[PDB]
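Every chain is numbered from 1 and lettered A, B, ... according to where its sequence line falls, protein lines coming before strand lines.
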Amino acid sequence: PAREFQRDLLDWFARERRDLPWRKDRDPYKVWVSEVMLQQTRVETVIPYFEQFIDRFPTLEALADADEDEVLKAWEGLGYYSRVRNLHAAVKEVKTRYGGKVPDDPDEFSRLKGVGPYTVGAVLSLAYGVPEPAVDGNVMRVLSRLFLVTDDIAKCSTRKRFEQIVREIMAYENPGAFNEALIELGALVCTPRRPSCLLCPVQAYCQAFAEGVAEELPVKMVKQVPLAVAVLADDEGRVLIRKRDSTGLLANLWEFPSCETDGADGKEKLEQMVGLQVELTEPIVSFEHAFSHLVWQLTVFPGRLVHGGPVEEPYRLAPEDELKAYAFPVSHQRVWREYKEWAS
DNA sequence: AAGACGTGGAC
DNA sequence: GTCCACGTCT
Ligand code: SF4
Ligand code: NA
């Protein structure tokens with residue numbers, strides 16, 4: 001019944017489509033950036049980041065040529081920072097290998113870092129009209145209600161089932177519009193809770209509504225880590241930071257020196273981490289910071305720093321007015337904030 | 001397969 | 001407290 005379905009979905013879309021910033025044009029670069037930013041991140045949160053990011057890096061080439069530190073800083077606070085290291089890498093490769101043109105072949109484009117099945121579909125259909133599915137969580141939710149698919153939406157193969165369904169119902173005339181429309185329906189009408197089935201423009205075609213189970217779809221099925229953080233300052237008030245490893249948690253961001261302590265043993269694991277002279281005073285605060293897959297229980301220890309050799313390794317001696325120029329995870333921004341108000 | 005990988009806001 | 005939030009790499 002796809003031909004009817006298309007027109008009713010596309011009609012609704014033409015009326016209800018939000019004028020979001022990345023919807024101003026179909027520049028493949030602007031689309032790509034916005035899709036990367038929208039991964040596991042709400043639209044309202046993304047809007048200001050996208051505007052500043054495009055301000056700072058207006059073209060794919062501008063992004064490619066920026067220092068990675070300048071690119072992390074722009075992403076500071078968005079979460080899932082490797083999304084941006086991959087985008088930065090993929091863009092550099094588009095500039096050098098594809099002459100600054102986002103490739104329109106699905107196979108070539110998917111080879112770029114951070115680009116998976118969803119982003120292939122999203123970017124190529126909207127920028128170039130390539131008829132590839134663009135199944136995200138919204139689409140998965142819509143399709144699961146529309147076709148009463150009770151497969152655990154977390155299973156790897158489940159998406160592949162949804163992608164097949166898109167290939168056979170999609171408006172091959174206008175794939176971008178169609179894909180866009182399906183996503184917008186998930187966002188505006190067919191929502192995680194209390195979907196507005198009474199208002200929905202494809203309600204006639206929907207098995208979950210007919211069966212009375214829209215609400216129960218889709219079907220879908222964390223460790224605590226103590227952290228001791230050191231805030232060490234000069235008599236000149238310069239502060240000691242360090243750049244995290246290029247791999248693992250919060251890759252490449254800056255932080256106040258810290259280590260995992262396993263419980264509340266002491267402030268010695270901290271002081272020991274030498275390699276220059278430090279003595280630490282009583283801790284001033286403890287608060288916790290949540291990630292998707294773990295929770296840091298931080299305890300910050302103010303302390304005095306004395307110089308006994310060069311600062312190297314990933315460590316850097318930062319004057320206070322310059323902290324603002326580095327990218328810190330939110331947890332460490334709070335470390336600085338609590339330390340500063342304590343200093344009152 | 002299924003875990004690593006940030007964050008904020010509705011409820 | 002839970003869910004959003006399959007997105008992608010591993
Ligand atoms: S009818 Fe209700 S459930 Fe079916 S698609 Fe429209 S909103 Fe989703
Ligand atoms: Na890829």
Mind listing the side-chain donor-acceptor pairs of residues 40-47 of chain A below 3.5 Å, one per line with the distance, residues two or more places apart or on another chain?
{"unit_1": "A/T41", "atom_1": "OG1", "unit_2": "A/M37", "atom_2": "O", "d": "3.4"}
{"unit_1": "A/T41", "atom_1": "OG1", "unit_2": "A/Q39", "atom_2": "O", "d": "2.8"}
{"unit_1": "A/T41", "atom_1": "OG1", "unit_2": "A/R83", "atom_2": "NH1", "d": "3.4"}

Using atom types as modelled, flag every donor-acceptor pair under 3.5 Å from a side chain in residues 147-156 of chain A to any protein atom, sequence neighbours excluded.
{"unit_1": "A/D151", "atom_1": "OD2", "unit_2": "A/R161", "atom_2": "NH1", "d": "2.5"}
{"unit_1": "A/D152", "atom_1": "OD1", "unit_2": "A/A154", "atom_2": "N", "d": "3.0"}

For residues 252-260 of chain A, dump all side-chain donor-acceptor pairs below 3.5 Å to protein atoms at least two apart in sequence or in another chain.
{"unit_1": "A/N252", "atom_1": "OD1", "unit_2": "A/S246", "atom_2": "N", "d": "3.4"}
{"unit_1": "A/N252", "atom_1": "ND2", "unit_2": "A/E68", "atom_2": "OE1", "d": "3.3"}
{"unit_1": "A/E255", "atom_1": "OE1", "unit_2": "A/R244", "atom_2": "NH1", "d": "3.0"}
{"unit_1": "A/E255", "atom_1": "OE2", "unit_2": "A/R242", "atom_2": "NE", "d": "2.8"}
{"unit_1": "A/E255", "atom_1": "OE2", "unit_2": "A/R242", "atom_2": "NH2", "d": "3.1"}

Give the table of side-chain donor-acceptor pairs shorter than 3.5 Å for residues 55-63 of chain A, with sequence neighbours excluded, one pair per line with atom names and distance.
{"unit_1": "A/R56", "atom_1": "NH2", "unit_2": "A/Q52", "atom_2": "OE1", "d": "3.2"}
{"unit_1": "A/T59", "atom_1": "OG1", "unit_2": "A/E61", "atom_2": "N", "d": "3.4"}
{"unit_1": "A/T59", "atom_1": "OG1", "unit_2": "A/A62", "atom_2": "N", "d": "3.0"}

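In the hydrophobic clustering, where aliphatic and aromatic side chains (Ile, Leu, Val, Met, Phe, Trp, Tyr) are joined below 4.5 Å either directly or transitively, A/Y80 stands alone. Applying the under-4.5 Å side-chain rule to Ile, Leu, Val, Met, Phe, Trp and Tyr, the cluster around A/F209 extends to A/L198. Within the hydrophobic cluster formed by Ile, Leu, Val, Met, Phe, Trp and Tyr side chains joined at under 4.5 Å, directly or through other members, A/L240 is accompanied by A/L232, A/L270, A/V278, A/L280, A/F301, A/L305, A/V311, A/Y315, A/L317.
Both conditions, centre separation below 5.5 angstrom and plane angle below 30 degrees, hold for the six-membered rings of B/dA4 and B/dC5.
Within the 4.0 angstrom heavy-atom criterion, only backbone atoms of the sugar-phosphate kind lie near A/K220; the bases stay farther away. Within the nucleic acid shown, A/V115 comes within 4.0 Å of sugar-phosphate atoms alone, with no base atom in reach, counting heavy atoms only. Note on A/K155: a base of the nucleic acid sits closer than 4.0 angstrom, heavy atoms only. A/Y80 comes within 4.0 angstrom of a base, heavy atoms only. Nucleic acid contact class of A/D152 (heavy atoms, under 4.0 Å, all strands): none. Residue A/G116 is classed as a sugar-phosphate contact, given heavy-atom separations below 4.0 Å to backbone atoms only. As judged by a 4.0 angstrom heavy-atom cut-off over every strand, A/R141 is placed among residues touching the sugar-phosphate backbone only.
Using P as the reference atom, C/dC4 and B/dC5 are 22 Å apart when rounded to the nearest Å. Going from the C1' atom of C/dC6 to that of B/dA2 covers 12 Å, rounded to whole Å. The separation of C/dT8 from B/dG8, taken at their P atoms, amounts to 23 Å, rounded to a whole angstrom.
Taking the six-membered ring where the residue is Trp, the centroids of A/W75 and A/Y49 are separated by 6.0 Å or more. Checked against a 6.0 Å centroid threshold, the rings of A/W296 and A/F287 do not count as neighbours. Ring centroids of A/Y339 and A/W336 are separated by less than 6.0 Å, placing the two rings close together.
Chain A approaches DNA chain C within less than 4.0 angstrom (heavy atoms of the protein), and the contacting nucleotides run 5' to 3' from C/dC4 to C/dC9. Heavy-atom contacts of chain A under 4.0 Å fall on DNA chain B between two terminal nucleotides, which in 5' to 3' order are B/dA2 to B/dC11.
For DNA chain C, each stem of at least three Watson-Crick or G-U pairs (distances under 3.5 Å) is given as range with range: B:2-5 with C:7-10, B:8-10 with C:2-4.
Position along DNA chain B of the nearest nucleotide to A/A154 versus A/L253 favours A/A154 as the more 5'-ward residue. Mapping A/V330 and A/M221 onto DNA chain B by nearest heavy atom places A/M221 at the nucleotide closer to the 5' end. Nearest-nucleotide positions on DNA chain C for A/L112 and A/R42 put A/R42 closer to the 5' end.
Separating the CZ atom in A/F13 from the CG atom in A/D8 is a distance of 15.0 Å, to the nearest 0.5 Å.
Electrostatic pairing of A/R334 and A/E338 counts as a salt bridge here, judged by a charged N lying under 4.0 Å from a carboxylate O.
There is a side-chain donor-acceptor pair under 3.5 Å between A/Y326 and A/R316. A donor and an acceptor atom, one from each side chain of A/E76 and A/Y81, are nowhere located under 3.5 Å apart.
Both A/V115 and A/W22 are part of a single hydrophobic cluster, where members link through side-chain heavy atoms under 4.5 Å apart. Under a hydrophobic-cluster definition in which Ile, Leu, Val, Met, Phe, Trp and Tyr are linked whenever side-chain heavy atoms come within less than 4.5 Å, directly or via other members, A/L20 and A/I54 are assigned to the same cluster.
Residues of residues 18-40 of chain A having a heavy atom closer than 4.0 Å to DNA chain C, listed by number: A/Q39, A/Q40. Within residues 286-293 of chain A, the residues having any heavy atom closer than 4.0 Å to DNA chain B are, in order of number, A/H289, A/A290, A/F291, A/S292, A/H293.
Shown here is A/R18, whose CZ atom has more than 12 heavy atoms of other residues, nucleotides or ligands within 6.0 Å.
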